[PDB]
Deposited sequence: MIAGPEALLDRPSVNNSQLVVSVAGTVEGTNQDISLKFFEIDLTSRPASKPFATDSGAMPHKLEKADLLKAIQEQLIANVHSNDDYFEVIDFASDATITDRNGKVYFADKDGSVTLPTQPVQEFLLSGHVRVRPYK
């Protein structure tokens, strides 16, 4: 049973900005949703820097994806973010990536950002 996170505005305040990662996966082919227990990533720059790298995020997600495989679940290979993917601050403001696929998040104020949407995936083999 997987319970998602609360809206940023409802979460308790932190003293070290972090990215809440609540995404779902979409099986290429069947397009079925795959629920993953949300996790967190720490930030430090502008701990993952305040200048995030697409390939990095996907790597974090892929690691978490195979860390939750229960006897009945199969392994999935993260393919890429669906056009669905969005990173927001507590107000819903969206941050966009550059051409090199890098997203840069504010240093101050300290707060948390949310990465939601889907991640395209295929069963490993």
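Residues of the deposited sequence lacking C-alpha coordinates, counted from 1, fall in a single stretch, 47-57.
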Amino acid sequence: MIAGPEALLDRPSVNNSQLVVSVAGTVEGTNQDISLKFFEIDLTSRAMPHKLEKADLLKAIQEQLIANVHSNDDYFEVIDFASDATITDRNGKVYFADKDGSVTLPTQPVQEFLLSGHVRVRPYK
From here on, numbers count along this sequence of modelled residues.
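Higher average CA B factor: 49-57, of the stretches 49-57 and 81-89.
Look at the C-alpha B-factors of 64-72 and of 31-39. On average they run higher in 64-72. Among all modelled residues in this chain, the alpha-carbon of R122 has a temperature factor (C-alpha) in the middle third. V14: CA B factor in the highest third of modelled residues in this chain (values from the PDB entry). The PDB entry assigns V103 a C-alpha temperature factor belonging to the middle third of its chain's modelled residues.
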